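The structure appears right after this line, and notes come after that.
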Amino acid sequence: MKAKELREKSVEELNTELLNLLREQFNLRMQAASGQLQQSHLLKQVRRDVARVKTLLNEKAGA
Amino acid sequence: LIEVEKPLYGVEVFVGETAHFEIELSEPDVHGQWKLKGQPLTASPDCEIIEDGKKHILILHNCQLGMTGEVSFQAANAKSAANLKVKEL
Amino acid sequence: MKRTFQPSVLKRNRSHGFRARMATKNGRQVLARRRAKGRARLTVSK
Amino acid sequence: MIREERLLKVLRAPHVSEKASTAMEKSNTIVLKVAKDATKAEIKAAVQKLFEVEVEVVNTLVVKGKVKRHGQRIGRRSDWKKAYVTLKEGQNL
Amino acid sequence: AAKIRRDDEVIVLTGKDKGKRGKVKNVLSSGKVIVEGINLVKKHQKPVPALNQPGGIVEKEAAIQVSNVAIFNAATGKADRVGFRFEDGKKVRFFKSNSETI
RNA sequence: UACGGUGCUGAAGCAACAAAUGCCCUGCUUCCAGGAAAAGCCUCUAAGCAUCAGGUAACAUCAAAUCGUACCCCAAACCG
RNA sequence: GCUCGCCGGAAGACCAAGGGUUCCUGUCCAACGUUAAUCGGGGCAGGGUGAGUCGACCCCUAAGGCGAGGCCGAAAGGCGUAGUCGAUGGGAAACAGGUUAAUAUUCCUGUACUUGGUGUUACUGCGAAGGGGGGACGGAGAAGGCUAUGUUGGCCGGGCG
RNA sequence: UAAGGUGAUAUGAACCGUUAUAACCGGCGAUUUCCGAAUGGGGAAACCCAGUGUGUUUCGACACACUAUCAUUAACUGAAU
Ligand SMILES: [Mg+2]
Ligand SMILES: [Mg+2]
Ligand SMILES: [Mg+2]
Ligand SMILES: [Mg+2]
Ligand SMILES: [Mg+2]
Ligand SMILES: [Mg+2]
Ligand SMILES: [Mg+2]
Ligand SMILES: [Mg+2]
Ligand SMILES: [Mg+2]
Ligand SMILES: [Mg+2]
Ligand SMILES: [Mg+2]
Ligand SMILES: [Mg+2]
Ligand SMILES: [Mg+2]
Ligand SMILES: [Mg+2]
Ligand SMILES: [Mg+2]
Ligand SMILES: [Mg+2]
Ligand SMILES: [Mg+2]
């Protein structure tokens, strides 16, 4: 999922960026904590995905 | 055709305690059946299922370690699924 | 009867706390020894 | 706005727990574990945006971790913040 | 790399099944393997209604050491040691004694 | 009432006398041993601003974060 | 539960200091309890601390501490100016009632208030790390006025032993 | 380098991978809360509070960056004189 977006545009990425949090991450916590989320591994990725997201963008702009 | 106004709830238990699973439907007159990960056992000495229709309540006692799965209830067209884990002492 | 330990945290920290310890060449050597000794509580503070 | 959309990851979990929670549902307001650094106003925003409800005012308190178990050594839990949120009127969730 | 690995068919060399063949179920990072129908231990397991388990004695396979098995040649029909050669940039295992790539 | 409690309802609700070490009193009287500080507050203007900005009032509205708040506390919870 | 007995300027009640979950509810009785223990401040699990107004933070300083430069000292360091810290003292403001098993001047009902920002409308010289005022202060004593508070009558409800 | 992996007590859950972006090892990067020389001021270490800059198709208040001291050098300023 790495070089798939090494080339994905600084501005564009801040989108999935939110889309990881804006959607997956917040909904997942809530849904999870509330005893729904039967597939926990979704919490592992998403978080790890955002890490990737922020690794680029940081390495694309300025660094 | 009804739904599940109130889904189940994942609960923990120390083998021996008593788990609890509630779920309200929409129309009375019916009889669903609870099942661990997905195994339709049979209310026995270790299973206490008490439902009066318009409502359904489960009461599992000293739950073993296997019960390590999810409580998916089945009725007419409704379907719930909570989380349950049996921890040892 | 009134015994010797009359607890009071204000005095505790002021007399033995991290910063107090830090405010003197020897107070610092106090820490240094405790670090070298690998002590888990350098100075019993909050 | 005032608080970035990113930082509206302050809502951490519902505290649907005890009649305290639910009996204080049946008479306005909802309660939640919420961040730690969260600023009442900062957490009102979260509940406006997400949850899309109305909110009159929010009260906060810090729960302190119980320390327990162990033989010689000892184990302590984490501190955390409580919500108690009080929704305006067209009350839903 | 590892000589005995996951989906293999092997013949036991030592102790109580000595000479029993079987397929490796899995291989544990202790340096052990679980091989089917080779080592059987009768565990006593409590019956559970929730999991719909009958209970009573059950039969399963314990982990034997990797050095207690060797993979079955089946061209000679005996145990055989494994080497590693390179073929077309692939590190392949090969049987010793007839030198055949597995 | 599941015998721990929990709901509901609900009369009169005045006067006289007494009365503190509390308050009036940071008062009053008197005495010698002659009884913190600084800010908030009020007022005064300097540089400075003069239609401005500020200042005063009425009404309206918005803000007041953060941290503590359980329990013991002349004691079986503190020093012994 | 009914008797009996004990404290009542406490052996009742609210805190500070100090402790730091001992609070409440279920559950257990091995160890802890100088005995038993179904009980506990004991084990395990869950719950419980809601504030513009109480308090801290905050503004203000006492003792005293620290102290750019500085003076002094074989080194380490010492003292001290400008300052800057330090409450045991000064500084704006919420009360009667209700409710939780467990908090409440914090939650709820009734009824209030404090200080700033912004706006409208009137009316106006505003303005300091500065001047002055105030804040601002001892001991004893003497009564007067008064409240808490009490007693009686009236009033209300109930009683006819 | 690889057929197995998601550190340990420590099972379990939900997963991930098998011919190369599973894991694991090495080189170089990235992120790197708060306290601590701690260096913006303070302080009972892990906390309180700022000045100035930036930042908002919901441009308030909050968030971030910078602001210690000494030395050397330069520049600009500049008493009694
Ligand atoms: Mg609070
Ligand atoms: Mg209390
Ligand atoms: Mg305890
Ligand atoms: Mg208790
Ligand atoms: Mg005993
Ligand atoms: Mg206890
Ligand atoms: Mg001061
Ligand atoms: Mg010096
Ligand atoms: Mg000095
Ligand atoms: Mg004080
Ligand atoms: Mg209480
Ligand atoms: Mg105005
Ligand atoms: Mg003056
Ligand atoms: Mg009176
Ligand atoms: Mg008679
Ligand atoms: Mg600092
Ligand atoms: Mg400093």
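Note on naming: chains are A, B, ... as they come in the structure tokens, residues start from 1 per chain, ligands start from 1 in the order shown.
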
Exercise. Which chain D residues are at most 8 Å from chain A (counting only C-alpha atoms), as a list in words?
Worked result: residues 6, 9, 12, 13 and 14 of chain D

Exercise. What do you get as a PyMOL selection string if you pick all residues at most 10 Å from ligand 12, counting only C-alpha atoms (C1' of nucleotides) and all ligand atoms?
Worked result: (chain F and resi 60) or (chain G and resi 118-121)

Given the selection you just returned, output its residues as a file containing C-alpha atoms (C1' of nucleotides), formatted as a PDB file, in the first residue's frame.
ATOM      1  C1'   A F  60     -29.416  42.496  24.972  1.00  0.00           C
TER       2        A F  60
ATOM      3  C1'   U G 118     -19.061  42.092  21.800  1.00  0.00           C
ATOM      4  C1'   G G 119     -23.508  44.971  19.948  1.00  0.00           C
ATOM      5  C1'   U G 120     -27.347  48.614  20.213  1.00  0.00           C
ATOM      6  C1'   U G 121     -28.936  53.341  22.540  1.00  0.00           C
TER       7        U G 121
END

For this session: Set the cut-off to 9 Å, count only C-alpha atoms (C1' of nucleotides) and all ligand atoms, and list whatever residues fall near ligand 3 as a PyMOL selection string.
Result: (chain D and resi 66-68) or (chain G and resi 21-22+41-42)

So that I can see what lies close to stretch 22-31 of chain F, please list as a PDB file with C-alpha atoms (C1' of nucleotides), in the first residue's frame the residues with an atom at most 9 Å from it, counting only C-alpha atoms (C1' of nucleotides) and leaving out residues fewer than 3 positions away in the same chain.
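Ended up saving to selection21.pdb:
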ATOM      1  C1'   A G 136      -4.925  48.789  57.465  1.00  0.00           C
ATOM      2  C1'   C G 137      -4.888  45.973  61.699  1.00  0.00           C
ATOM      3  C1'   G G 139      -4.493  44.539  74.824  1.00  0.00           C
ATOM      4  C1'   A G 140      -8.055  44.928  78.387  1.00  0.00           C
ATOM      5  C1'   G G 141     -12.973  46.641  79.899  1.00  0.00           C
ATOM      6  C1'   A G 142     -17.936  48.305  79.757  1.00  0.00           C
ATOM      7  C1'   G G 145     -29.269  46.977  70.646  1.00  0.00           C
ATOM      8  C1'   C G 146     -30.034  42.229  68.453  1.00  0.00           C
ATOM      9  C1'   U G 147     -30.146  37.076  66.296  1.00  0.00           C
ATOM     10  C1'   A G 148     -29.317  32.031  66.998  1.00  0.00           C
TER      11        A G 148
END

Exercise. Neighbours of ligand 17 within 12 Å, counting only C-alpha atoms (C1' of nucleotides) and all ligand atoms, as a ChimeraX atom specification?
Worked result: /C:19 /G:66,84 /H:36-43,68-69

For this session: Find the residues around residue C:12 up to 10 Å (only C-alpha atoms (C1' of nucleotides) counted), leave out those fewer than 3 positions away in its own chain, and share them as a PyMOL selection string.
Result: (chain C and resi 7-9+15-17+44-45) or (chain H and resi 44)

Near chain H, 7 Å: chain C residue rows, closest pairs, only C-alpha atoms (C1' of nucleotides), as JSON lines:
{"residue": "C:10", "atom": "CA", "partner": "H:44", "partner_atom": "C1'", "distance": 6.2}
{"residue": "C:13", "atom": "CA", "partner": "H:44", "partner_atom": "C1'", "distance": 5.3}
{"residue": "C:14", "atom": "CA", "partner": "H:44", "partner_atom": "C1'", "distance": 6.2}
{"residue": "C:18", "atom": "CA", "partner": "H:45", "partner_atom": "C1'", "distance": 5.6}
{"residue": "C:19", "atom": "CA", "partner": "H:45", "partner_atom": "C1'", "distance": 6.4}

Could you save those same residues with N, CA and C atoms as a CSV table (one decimal), in the first residue's frame?
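Written out: selection_21.csv:
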chain,number,residue,atom,x,y,z
C,10,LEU,N,4.3,19.4,51.9
C,10,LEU,CA,4.9,20.7,51.6
C,10,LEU,C,6.4,20.6,52.0
C,13,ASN,N,8.6,17.8,50.1
C,13,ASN,CA,9.2,18.2,48.8
C,13,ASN,C,10.2,19.3,49.0
C,14,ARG,N,9.9,20.3,49.8
C,14,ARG,CA,10.8,21.4,50.0
C,14,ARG,C,12.2,21.0,50.5
C,18,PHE,N,12.8,16.7,44.3
C,18,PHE,CA,13.7,16.7,43.2
C,18,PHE,C,14.4,18.0,43.0
C,19,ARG,N,13.7,19.1,43.0
C,19,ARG,CA,14.2,20.4,42.7
C,19,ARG,C,15.2,20.9,43.8

Per residue of chain H within 9 Å of chain E, which atom pair is closest and at what distance in Å (one decimal), using only C-alpha atoms (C1' of nucleotides), listed by chain and increasing number, as a Markdown table?
| residue | atom | partner | partner_atom | distance |
| --- | --- | --- | --- | --- |
| H:1 | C1' | E:1 | CA | 8.4 |
| H:2 | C1' | E:1 | CA | 7.5 |
| H:3 | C1' | E:5 | CA | 7.4 |
| H:4 | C1' | E:6 | CA | 8.0 |
| H:19 | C1' | E:90 | CA | 8.5 |

For this session: List the neighbours of residue D:2 out to 10 Å using only C-alpha atoms (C1' of nucleotides); skip same-chain residues closer than 2 positions along the sequence, and give me the result as a ChimeraX atom specification.
Result: /D:4-5,42,45 /H:56,58-63

Serialized selection, N, CA and C atoms (P, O5', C5', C4', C3', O3' and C1' of nucleotides), as a PDB file, in the first residue's frame:
ATOM      1  N   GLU D   4      -9.567  21.906  15.142  1.00  0.00           N
ATOM      2  CA  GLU D   4      -9.412  21.221  13.850  1.00  0.00           C
ATOM      3  C   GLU D   4     -10.235  19.936  13.815  1.00  0.00           C
ATOM      4  N   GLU D   5     -10.691  19.531  12.628  1.00  0.00           N
ATOM      5  CA  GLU D   5     -11.552  18.351  12.526  1.00  0.00           C
ATOM      6  C   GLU D   5     -10.777  17.113  12.969  1.00  0.00           C
ATOM      7  N   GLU D  42     -14.141  21.867  23.822  1.00  0.00           N
ATOM      8  CA  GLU D  42     -13.531  21.019  22.809  1.00  0.00           C
ATOM      9  C   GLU D  42     -14.294  19.724  22.585  1.00  0.00           C
ATOM     10  N   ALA D  45     -17.972  20.435  20.896  1.00  0.00           N
ATOM     11  CA  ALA D  45     -17.788  20.451  19.449  1.00  0.00           C
ATOM     12  C   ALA D  45     -17.857  19.049  18.853  1.00  0.00           C
TER      13      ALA D  45
ATOM     14  P     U H  56      -5.760  31.136   7.902  1.00  0.00           P
ATOM     15  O5'   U H  56      -6.904  30.320   7.158  1.00  0.00           O
ATOM     16  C5'   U H  56      -8.278  30.657   7.297  1.00  0.00           C
ATOM     17  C4'   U H  56      -8.998  29.591   8.076  1.00  0.00           C
ATOM     18  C3'   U H  56     -10.400  29.913   8.580  1.00  0.00           C
ATOM     19  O3'   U H  56     -11.368  29.761   7.548  1.00  0.00           O
ATOM     20  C1'   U H  56      -9.135  28.904  10.313  1.00  0.00           C
ATOM     21  P     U H  58     -18.565  28.147   6.058  1.00  0.00           P
ATOM     22  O5'   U H  58     -18.559  28.937   7.438  1.00  0.00           O
ATOM     23  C5'   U H  58     -17.333  29.233   8.098  1.00  0.00           C
ATOM     24  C4'   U H  58     -17.567  29.738   9.496  1.00  0.00           C
ATOM     25  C3'   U H  58     -16.332  29.749  10.399  1.00  0.00           C
ATOM     26  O3'   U H  58     -16.387  30.875  11.273  1.00  0.00           O
ATOM     27  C1'   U H  58     -18.014  28.327  11.322  1.00  0.00           C
ATOM     28  P     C H  59     -15.640  32.244  10.899  1.00  0.00           P
ATOM     29  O5'   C H  59     -14.231  32.146  11.628  1.00  0.00           O
ATOM     30  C5'   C H  59     -13.645  33.316  12.191  1.00  0.00           C
ATOM     31  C4'   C H  59     -12.148  33.167  12.280  1.00  0.00           C
ATOM     32  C3'   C H  59     -11.372  34.460  12.551  1.00  0.00           C
ATOM     33  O3'   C H  59     -10.203  34.204  13.350  1.00  0.00           O
ATOM     34  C1'   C H  59     -10.773  33.582  10.413  1.00  0.00           C
ATOM     35  P     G H  60      -9.880  35.041  14.699  1.00  0.00           P
ATOM     36  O5'   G H  60     -10.534  34.189  15.876  1.00  0.00           O
ATOM     37  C5'   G H  60     -10.199  34.439  17.240  1.00  0.00           C
ATOM     38  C4'   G H  60     -11.261  35.257  17.924  1.00  0.00           C
ATOM     39  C3'   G H  60     -11.441  34.956  19.415  1.00  0.00           C
ATOM     40  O3'   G H  60     -11.744  36.156  20.138  1.00  0.00           O
ATOM     41  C1'   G H  60     -13.459  34.473  18.250  1.00  0.00           C
ATOM     42  P     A H  61     -11.218  36.374  21.656  1.00  0.00           P
ATOM     43  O5'   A H  61     -11.223  34.913  22.340  1.00  0.00           O
ATOM     44  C5'   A H  61     -10.309  34.495  23.376  1.00  0.00           C
ATOM     45  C4'   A H  61     -10.471  33.007  23.623  1.00  0.00           C
ATOM     46  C3'   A H  61      -9.212  32.173  23.969  1.00  0.00           C
ATOM     47  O3'   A H  61      -9.010  31.958  25.387  1.00  0.00           O
ATOM     48  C1'   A H  61     -10.235  31.324  21.994  1.00  0.00           C
ATOM     49  P     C H  62      -7.809  31.002  25.999  1.00  0.00           P
ATOM     50  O5'   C H  62      -7.876  29.595  25.209  1.00  0.00           O
ATOM     51  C5'   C H  62      -6.777  28.666  25.194  1.00  0.00           C
ATOM     52  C4'   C H  62      -6.964  27.565  24.150  1.00  0.00           C
ATOM     53  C3'   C H  62      -5.686  26.970  23.546  1.00  0.00           C
ATOM     54  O3'   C H  62      -5.125  25.918  24.326  1.00  0.00           O
ATOM     55  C1'   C H  62      -7.157  27.599  21.794  1.00  0.00           C
ATOM     56  P     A H  63      -3.768  25.146  23.882  1.00  0.00           P
ATOM     57  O5'   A H  63      -4.074  24.628  22.406  1.00  0.00           O
ATOM     58  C5'   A H  63      -3.468  23.437  21.928  1.00  0.00           C
ATOM     59  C4'   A H  63      -3.050  23.524  20.477  1.00  0.00           C
ATOM     60  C3'   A H  63      -1.575  23.760  20.241  1.00  0.00           C
ATOM     61  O3'   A H  63      -0.808  22.592  20.414  1.00  0.00           O
ATOM     62  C1'   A H  63      -2.832  25.129  18.783  1.00  0.00           C
TER      63        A H  63
END

For this session: Might you pull out every residue within 10 Å of stretch 14-22 of chain B, with only C-alpha atoms (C1' of nucleotides) counted and same-chain residues fewer than 5 positions away left off, and present them as a ChimeraX atom specification?
Result: /B:6-9,34,46,48-49,51,55-65,67,71-73,80-89 /G:27,45
